[PDB]
């Protein structure tokens, strides 16, 4: 999904709000902040109501202005709440009744997702690959800065995982794929407009193809 969450390479942001080794305070800065993750885990591990991938996607589905003005942990309160409503476990009415006011949720999905591709390639360390020049309106674990770009395999994972584009919509056809650490030169991704060396992106097999 080409959402506002796909931030890498966006220009116009200011200073990162940290100097090295500065005190970051306690893990949680408010008494509610442990709830989103704890309740995500109740959903995923205790109830089996949704996957972690579905949490990533439902946050991506926040209305864009809403995403941009919402602090991190609050996004996950909104996301987990959304998924519990979509899955029929909770209603928006009961959340607003208990909250004492408005509890706007993430927007509905505009895509049904896609299956894990049946046609893929097992790549080896050192091989040159291109990131498939595809547009996926639902969930995908490919940041747009690498779409269509060529890099080299640094690592093939020794485990396999469900294809996010499927399991992030709760589909039954996510399969399993290894991922690849793909090293791109900074200039391949941003031309002359970068100060870096290389960027390594961890990409699912199904996002890759051999380089020309």
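Residue numbers count along the first chain shown, from 1.
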**Asked** Mean C-alpha B-factor higher for 133-141, or for 71-79?
**Response** 133-141
**Request:** Can you let me know which of the two, 86-94 or 99-107, has the higher average C-alpha B-factor in the entry?
**Result:** 86-94
**Position of residue 208 among the chain's modelled residues by C-alpha B-factor, lowest, middle or highest third** = middle
**Request:** Grab the CA temperature factor for residue 171 from the record and place it in the lowest, middle or highest third of its chain.
**Result:** middle
**Asked** Taking the C-alpha B-factors as the PDB entry records them, is residue 58 in the lowest, middle or highest third of its chain?
**Response** lowest
**Request:** Give the position of residue 162 by CA B-factor within its chain, expressed as the lowest, middle or highest third.
**Result:** middle
**Message:** Test of reading the entry: by CA B factor among the chain's modelled residues, which third contains residue 10?
**Reply:** lowest
